[PDB]
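One letter stands for each residue in the lines below.
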Amino acid sequence: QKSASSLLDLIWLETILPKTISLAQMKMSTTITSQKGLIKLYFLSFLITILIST
Amino acid sequence: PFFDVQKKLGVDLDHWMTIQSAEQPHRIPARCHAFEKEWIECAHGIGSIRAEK
Amino acid sequence: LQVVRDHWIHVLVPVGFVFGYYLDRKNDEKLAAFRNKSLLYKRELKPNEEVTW
Amino acid sequence: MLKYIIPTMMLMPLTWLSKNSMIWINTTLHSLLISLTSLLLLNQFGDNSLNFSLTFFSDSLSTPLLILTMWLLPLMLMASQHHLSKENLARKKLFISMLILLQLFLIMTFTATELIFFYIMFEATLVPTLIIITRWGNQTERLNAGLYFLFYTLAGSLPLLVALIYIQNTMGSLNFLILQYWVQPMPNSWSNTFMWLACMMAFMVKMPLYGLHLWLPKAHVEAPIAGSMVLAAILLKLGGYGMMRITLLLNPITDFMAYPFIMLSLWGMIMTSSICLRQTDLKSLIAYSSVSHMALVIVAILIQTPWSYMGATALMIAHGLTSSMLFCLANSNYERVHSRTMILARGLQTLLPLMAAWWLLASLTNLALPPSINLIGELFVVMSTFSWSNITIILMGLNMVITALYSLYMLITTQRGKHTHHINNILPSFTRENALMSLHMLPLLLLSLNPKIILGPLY
Amino acid sequence: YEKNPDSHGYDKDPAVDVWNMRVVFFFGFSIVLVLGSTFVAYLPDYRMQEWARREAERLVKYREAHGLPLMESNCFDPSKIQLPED
Amino acid sequence: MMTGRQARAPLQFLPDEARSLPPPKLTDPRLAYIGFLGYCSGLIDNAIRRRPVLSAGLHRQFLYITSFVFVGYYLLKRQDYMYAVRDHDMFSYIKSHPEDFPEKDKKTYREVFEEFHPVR
Amino acid sequence: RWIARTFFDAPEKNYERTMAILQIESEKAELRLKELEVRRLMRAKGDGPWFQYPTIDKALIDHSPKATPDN
Amino acid sequence: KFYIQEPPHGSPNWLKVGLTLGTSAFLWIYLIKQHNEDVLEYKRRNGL
Amino acid sequence: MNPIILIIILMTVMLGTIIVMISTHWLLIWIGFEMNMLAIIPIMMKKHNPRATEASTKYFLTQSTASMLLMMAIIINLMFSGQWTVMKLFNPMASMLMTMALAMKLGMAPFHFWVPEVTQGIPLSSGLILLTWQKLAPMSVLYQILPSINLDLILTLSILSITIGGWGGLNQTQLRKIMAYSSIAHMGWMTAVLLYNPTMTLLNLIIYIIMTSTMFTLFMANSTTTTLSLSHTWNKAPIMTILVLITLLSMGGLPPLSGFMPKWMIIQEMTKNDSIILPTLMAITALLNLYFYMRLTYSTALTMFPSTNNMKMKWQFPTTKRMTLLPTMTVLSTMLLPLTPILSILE
Amino acid sequence: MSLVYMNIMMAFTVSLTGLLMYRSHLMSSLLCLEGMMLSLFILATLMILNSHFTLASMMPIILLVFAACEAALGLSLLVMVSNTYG
């Protein structure tokens, strides 16, 4: 029973570990104005590239 | 929420410069005028949904 | 009776049950249809009754 | 039904405007006066489920569960005092107000015809409970076990709305009456897969099946006794209830889709029934007990024999009163010595010689004693499941033996074997405790005479 | 640790307690338990099953006395019904 | 949607045509609940100002409640207008088009076949 | 007799009441499927009242006799 | 207590409340009259 | 600043947006945007700290260049068979550039980069006037030009707004930023439905305006730029806080509260059409925003565990700070779900 | 669309990519914006005067006036930004 319970809160701890490293999906931001601005401009022209063929 | 006041109060504001067929300062036909006349004659009372068609 | 002012706190919810109950009894009038018209139950209206219920 | 909706809504300002020291008197009084008419609610007869108004109606099952709720408020509120009995008036009127509003949304939920009104009122039921147990729960570190608890609910509990609205625009009306008679068979495939799984798991989060049962224990140790009797006497029966109704459709699907969940509940019944044997800290024992009986309920729901429902609903009510009461025993023991840990104190056959009878009596009613409604329901459920599989009785009756063992183990080592003699605090009983216990058992023993009230729609 | 001095004793702080046990013991034990227990003790025939007994008796007696086999199965007469075809 | 209907006479709140619709009775539960909503409004106002609530609410509370009854009343009226013209549009477009929406005869269960897997 | 007559309502009242509610919500559901059919069809046909996107108004075309050369 | 001054909201203003009750009378009776007349003309749109 | 000039400016902002709504000609609408910028630069910066200056600049660049891109699309409309009106654009491309332009005007996914920054820079009242009023014009244009909208774009920009903008705000302890990212999420919804049944878009617009209205107004009541400020106010006075939290849950769309109503109706008129998968793909992220906001709801309790609640800060004198219409909008954004048969009053 | 239109559009997009992909100097940003604005003036002029649609000839004028009272605003914010630091 400690196996199913520790595996249950270990899997939920794999979701919060996925929330821990999902904060990395938030921390994937480098907080650099030369990153999200110019990368959002290039990948925005890639929204007109994907929208060019979409 | 586009509102129509200028039809309600009965005042023209932008309707004069709107399309090529409006009365010009000293009436000079636009190049494509007559075809404006027929496109608006065709699409006048309809809903731009089937006016397309 | 006026002396209920002394107990005034209490009389509230009894008036609540009365109030809601009368609201259901009136509600039935809005729901009223098929009064004698259902196939199981059809009655020739009793001389003192223009209504089954 | 509206005659039951007004009087509690009027019971709100009764609380708010009042002289200090009379709030408990006024609320208790008028709330029991509600309970009378809750007992008026039984006209149910013949075949057609009575329909009060086109918005919401009552079949059988809604009627027993509802009677249990409106009965349960005055006893609950009656029990919650002396947990505090010191504060600013605003805390008291706020708390009683919250219990009221909670009851209101419960009545909404059980009576609700149309499943979207059922769902809105559903989460609208969950919020007040959350406010109760979190705002003051005695808060061991608080665990933050109210809030992400609400995330345990909504996480997979939201998409059932999606599936519903789908059912809405495909078939039109979501009225339950007309969803009946228009229900049409749904073949087994991958779309019906995600749908059935959506609705099922959506409710199955509430009555914990063994997979998700980590939900209850923390939330129920952090709950103040009022929030506990709210939680495990009712808020599981909401999930099982809505389950009862929405299983109307999903007709062939629930076989091939049911089987894994049935397996998991038949095994988890035994597992949970085991883990609840060895723990300390009494407040948890009755929790995992609730998990066990609710697993048995799910087992009863998926297999669709009518016997399964009769025993099922019987188990909803009987387990409601039993589990609720037994919690309130744990609390009445907790005010004496501040522990929550079972093994800490002992005795109480010597001391509190009366409180024995309520420990014993209640534990026996959770021991599945033959005339007790708990054994009526559990018995019919065992009959149904044995009809489904000739083999499963090994697991079922094994739950009989284990449930016997812990249910009768709780009766001891709290209540028997020695007085720890470094205590010298416990003050003998109360009249209030006896009032609470009595108000629990006495109806549970009387129902063991004329049960045909509490057996389900099919009867 | 507040406990009571246990001057007499009950639910709450003094002098309102007697009223408290009076309302809860009365409205709780007296009215609903005894009264209600008499109500639902015998209320009108519930689920109709008494009527079911009477009707069953009459109908069975008819079924034997007129010689028809009782309980014919077939919940709907095959005389009126249609069947799909291959 | 529906802007072709009401763009003929723009910014009519509700038209001279609407008066053929029965207006909501006083005691209509909606606008009454709106009155309650003004009650909790004023209550939260008297909570904002530190004064104990139920004081100053002689004129205030009445001002709130009556205001919401007013506004909410007109809103309900124009609402019922809106659903009126909606349903009208439906039925006219129904009748004017036989082919689009076929009227089929609903055959009785006498001809029906299903699978209906029993339990067992 | 006492209980039944004072506190309850005949299977009559309840029964036919359910007949009425089934009337109501019945025809509702039907007419809901109707409107979904309608609005489903309107974007294709554009015939009726619901979907109209105003074109430019012919009111002002200036029909007046103009500079002669043409048009 | 309150030796300091009369803080403005402390004592009532009987002109303001007079205007507010004015708004209550005007607004409310105007609503009632609106109801009566709309019901009347509604009766005119149809017949007995 | 002068207490007149603010009236003679705000009057011009109201005027500009009124022109964007009223005019049937493109060049006018373009002018209306120009006036809302020109006159909205003074409202921000009201206090002369540099934060408002740099932030007001970051608003000015992207907002103004957005306007210019709008003009470009208008002109391409003139190229292709064309006249100056407000109606379906005759170019697919002009519609593309115009959906991008109106996607800068109001915060959207590729273009949202400025909103959090500018919202924290400028003061409270400018925060209110930025995240609500100026948000009326672009929707009022999109409602018009929707027939030529390429579905794939606005659907995309909507989703990416919800995913990105919503997913953001996690580490943020600031308030203004939170209000920004939430603005971008409600954006993702309002624009998500835009093509199907715009009535719902105006609905979520109005409800949204009430939401941010009570929110910022409460931040004026208790002047708070952080959550720490929220807790410290909880130990100053409770009521304003629980109004802030309850309105935050209404900002999360929690079923009994009124914020659940736009989500719920959006799910109806979203899923009666064919695609059921996308709404769920929104509702997931909606849960994300939720339990973030409910982290901000474990910001509070009673018999609190230690928050370091300090002192001096009991006060004998009530505050006279004038709160304009707080109560009506508070109850109106909490209690509204028991309404909405009233939905159709809107359109 | 002739040629001149193609070319002026390419100028437009040169100005725009120059706007987004260089943040170094702010005056350069503001400038590139303004040059783009000029290109729009040129477009509207060439078109309107190509179709001999006379009553609309304002679009160059009134499009050009907001090229300034908005731009002037731009430079004022530039100065008030510079005096923060440098």
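Residues numbered from 1 in each chain as written, not as in the entry; some residues may be left out. Chains lettered and ligands numbered in written order. Part of a larger assembly, values for the part shown. Heavy atoms only, no water. Residues with missing side-chain atoms left out of burial classes, pairs and counts.

Per the PDB record, the structure was determined using cryo-EM to 3.9 Å resolution.

### Let's talk about the overall build of chain H
Along chain H, the regular secondary structure elements total one helix and zero strands. With respect to the principal axes defined by its C-alpha atoms, chain H has extents near 70 × 15 × 10 Å. Per-residue burial over chain H gives 17% buried out of 48 residues. Total accessible area on chain H stands at roughly 4,400 Å², and carbon and sulfur atoms take up 65% of it. Averaging the coordinates of the 6 positive side-chain charges in chain H and doing the same for the 4 negative ones gives two points 2 Å apart. (Helix = DSSP H or I, 4+ residues; strand = E, 2+ residues; numbered from the N terminus. Buried < 20%, exposed > 50% of the residue type's maximum accessible area, 1.4 Å probe, protein only. Areas by Shrake-Rupley, 256 points an atom, 1.4 Å probe, with all protein chains shown as cover. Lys, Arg positive; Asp, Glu negative; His and termini not counted. Charge placed at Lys NZ, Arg CZ, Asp CG, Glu CD.)

### As for the overall build of chain D
Within chain D, the regular secondary structure consists of 19 helices and zero strands. In summary, chain D has a C-alpha radius of gyration of 21 Å against a globular reference of 23 Å for 459 residues, a match within 12%. Projected onto the principal axes, the alpha-carbon positions of chain D cover approximately 65 × 55 × 45 Å. Across the 459 residues in chain D, those meeting the buried criterion constitute 67%. Residue pairs at least 24 apart in sequence account for 83% of intrachain contacts in chain D once pairs closer than 6 positions are excluded. Total accessible area on chain D stands at roughly 14,900 Å², and carbon and sulfur atoms take up 71% of it. In chain D, 21 positive and 12 negative side-chain charges are present, and the distance between their average locations comes to 12 Å. (Rg over C-alpha atoms; globule rule 2.2 N^0.38 Å. Contact = heavy atoms within 4.5 Å.)

### Quick look at the interface of chain B and chain J
Between chain B and chain J, the residue contacts involve 12 residues of the former and seven residues of the latter. For the interface between chain B and chain J, the tally reads zero salt bridges. Inspection of the region where chain B meets chain J yields two residue pairs in polar contact. Its residues placed into classes, the side of chain B that touches chain J shows eight nonpolar, two polar and two charged. (Salt bridge = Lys/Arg side-chain N within 4 Å of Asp/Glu carboxyl O. Polar contact = N/O pair within 3.5 Å; in protein donor to acceptor, adjacent residues only side chain to side chain. Nonpolar A, V, L, I, M, F, W, Y, C, P; charged D, E, K, R; others polar.)

### Some thoughts on the interface of chain E and chain D
Opposite the 29 residues of chain E that make contact, chain D presents 37 residues. Together chain E and chain D conceal approximately 3,200 Å² of surface at their shared face, both sides included; 67% is due to carbon and sulfur atoms. It is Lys-12, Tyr-46 and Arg-47 of chain E that lose the most area in chain E upon contact with chain D, and together they represent 24% of the buried surface on that side. Across the chain E-chain D interface, the total number found is zero salt bridges. Summed over the shared surface of chain E and chain D, the result is four residue pairs in polar contact. With 13 residues, helix α1 (residues 17–39) of chain E is the single largest residue contributor to the side of chain E that touches chain D. Each residue belonging to the side of chain E that touches chain D can be placed in one class, and the counts come to 17 nonpolar, six polar and six charged. (Buried area = accessible area lost by both parts, 1.4 Å probe.)

### Describing the side chain of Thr-420 of chain D
All names here are of chain D. Residue position: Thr-420 is located in the loop between α18 (393–410) and α19 (431–446). Classification of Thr-420 as buried rests on a relative accessible area of 15%. If we ignore the near neighbours within four places in the chain, the residues touching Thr-420 are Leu-344, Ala-345 and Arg-346.

### Comments concerning the packing of helix α3 (residues 60–95) of chain F against helix α1 (residues 14–45) of chain H
At a closest axis distance of 10 Å, the pairing of α3 of chain F and α1 of chain H adopts a crossing angle of 30°. Taken as axis vectors, α3 of chain F and α1 of chain H run roughly parallel relative to one another. With respect to the hand of their crossing, α3 of chain F and α1 of chain H are arranged in left-handed fashion. Along its contact with α3 of chain F, which presents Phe-62, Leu-63, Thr-66, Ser-67, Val-69, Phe-70, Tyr-73, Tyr-74 and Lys-77 of chain F, the element α1 of chain H presents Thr-20, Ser-24, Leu-27, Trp-28, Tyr-30, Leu-31, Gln-34, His-35 and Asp-38 of chain H. Across the contact of α3 of chain F with α1 of chain H, the residue classes break down as 10 nonpolar, six polar and two charged. (Axes fitted to C-alpha atoms, helices over the stretch in contact; angles between N-to-C directions. Parallel < 35°, antiparallel > 145°, perpendicular 65-115°, else oblique. Left-handed = near helix turned anticlockwise from the far one by under 90°.)

### Brief notes about a nonpolar patch on the surface
There is a patch of nonpolar side chains on the surface, built from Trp-8, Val-11, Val-15 and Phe-19 of chain C together with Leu-17 of chain D and spanning about 460 Å² of accessible area. Its place among the elements puts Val-15 of chain C in helix α2 (residues 12–31). A residue is classified by how much of its surface remains accessible, and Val-15 of chain C, at 48% relative accessible area, is partly exposed. (Patch = residues over 30% accessible without salt bridge, like charges linked within 9 Å, V, L, I, M, F, W, Y side chains within 5 Å.)

### Side note on the nonpolar core
Counting 321 residues, the largest nonpolar core has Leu-99 and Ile-234 of chain D, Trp-30, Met-98 and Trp-264 of chain I together with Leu-40 of chain J as its most contacted members. Broken down by element, this core gets its largest block of residues, 16 residues, from helix α3 (residues 50–79) of chain I. Setting aside anything within four residues of it in sequence, one finds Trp-264 of chain I in contact with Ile-116, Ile-120, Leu-161 and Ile-165 of chain D together with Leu-337 of chain I. (Core = buried A, V, L, I, M, F, W, Y, C linked by side-chain atoms within 4.5 Å.)

### Examining the packing of helix α1 (residues 5–22) of chain I against helix α7 (residues 136–145) of chain I
Residues and elements named next belong to chain I. The geometry of α1 relative to α7 is characterised by a closest axis approach of 9 Å and an angle of 5° between their N-to-C directions. With respect to α7, the axis of α1 lies roughly parallel. Of the residues in α7, those in contact with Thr-17, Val-20 and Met-21 of α1 are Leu-136, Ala-137, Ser-140, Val-141 and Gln-144. Of the residues contributing to the contact of α1 with α7, the split by class is five nonpolar, three polar and no charged.

### Remarks on helix α8 (residues 151–167) of chain I
Residue and element names in this part refer to chain I. Taking 1.5 Å as the rise per residue, α8 with 17 residues should run 24 Å; its terminal C-alpha atoms sit 24 Å apart, in good agreement. The set of residues buried in α8 consists of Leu-153, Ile-154, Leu-157, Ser-158, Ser-161, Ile-162, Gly-165 and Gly-166. In this structure, the buried side of α8 is in contact with α4 (92–105), α9 (175–193) and α14 (277–298). Of the residues flanking the start of α8, the one acting as N-cap is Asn-150, its side-chain oxygen 3.2 Å from the backbone nitrogen of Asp-152. Just beyond α8, the residue with positive phi is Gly-169, at close to 80°. (Expected span 1.5 Å × (residues − 1).)

### Observations regarding empty space enclosed by the protein
When its volume is computed, the largest cavity comes out at roughly 340 Å³. The element contributing the most residues to the lining of the largest cavity is α2 of chain C, with four residues. Looking at the lining of the largest cavity, its residues break down into eight nonpolar, four polar and seven charged. In this model, the second largest cavity occupies a volume close to 150 Å³. If you go around the second largest cavity, you meet 14 residues; those closest to its centre are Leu-158 of chain D together with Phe-260, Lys-263, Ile-267 and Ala-283 of chain I. Broken down by secondary-structure element, the contributors of at least two residues to the lining of the second largest cavity are α7 (159–171) of chain D together with α13 (260–271) and α14 of chain I. A class-by-class count of the residues in the lining of the second largest cavity yields 11 nonpolar, two polar and one charged. (1 Å grid on protein atoms, 1.4 Å probe; cavity = no way out; pocket = protein on both sides within 12 Å on 5 of 7 lines; lining within 4 Å. Points joined across faces, edges and corners; volume = space filled by probe spheres on them.)

### With respect to the environment of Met-310 of chain D
Residue and element names in this part refer to chain D. When you line up the elements, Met-310 lands in helix α15 (residues 306–334). Separated by 144 residues in the primary sequence, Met-310 and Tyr-166 place their C-alpha atoms 31 Å from one another. In contact with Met-310, not counting residues within four places along its chain, are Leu-455, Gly-456, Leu-458 and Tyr-459.

### A short note on the pattern of salt bridges
Under the counting rule described, the total for this entry stands at 23 salt bridges over all chains. Across the pair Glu-29 of chain C and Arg-35 of chain C runs a salt bridge, and its minimum N-O distance is 3.9 Å. We note a salt bridge from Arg-45 of chain H to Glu-41 of chain H, for which the minimum N-O separation is 3.0 Å. Taken together, the positions of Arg-45 of chain H and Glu-41 of chain H, both in helix α1 and four residues apart, correspond to about one turn of that helix. Each of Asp-28 of chain C together with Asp-9, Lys-13 and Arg-17 of chain G takes part in a single network of salt bridges with overlapping partners.

### A few points about the packing of aromatic side chains
Taken as a whole, this structure holds 32 aromatic pairs over all chains when the rule is applied. Measuring from ring centre to ring centre gives 6.1 Å for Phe-118 of chain D and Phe-122 of chain D, while their planes differ by 35°; the resulting arrangement is tilted. With a gap of four residues between them, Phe-118 of chain D and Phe-122 of chain D both fall in helix α5 (residues 115–135), about one helical turn apart. Centre to centre, the rings of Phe-151 of chain D and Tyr-291 of chain I are 4.8 Å apart; their planes meet at 75°, and the pair counts as edge-to-face. With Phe-151 of chain D in helix α6 (residues 147–157) and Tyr-291 of chain I in helix α14, this pair bridges two chains. Judged by relative accessible area, which is 24%, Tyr-291 of chain I ranks as partly exposed. Cluster of aromatic residues (ring-pair linked, three or more members): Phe-110, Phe-118, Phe-122, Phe-203 and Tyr-241 of chain D. Over the ring of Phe-52 of chain D we find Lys-3 of chain D, and its NZ or CZ is 4.4 Å from the ring centre. When the ring centre of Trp-19 of chain E is taken as reference, the NZ or CZ atom of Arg-22 of chain E above it lies at 5.4 Å. (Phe/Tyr/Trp six-rings, centres within 6.5 Å; stacked < 30°, edge-to-face > 60°. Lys NZ or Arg CZ within 6 Å of the ring centre and 35° of its normal.)

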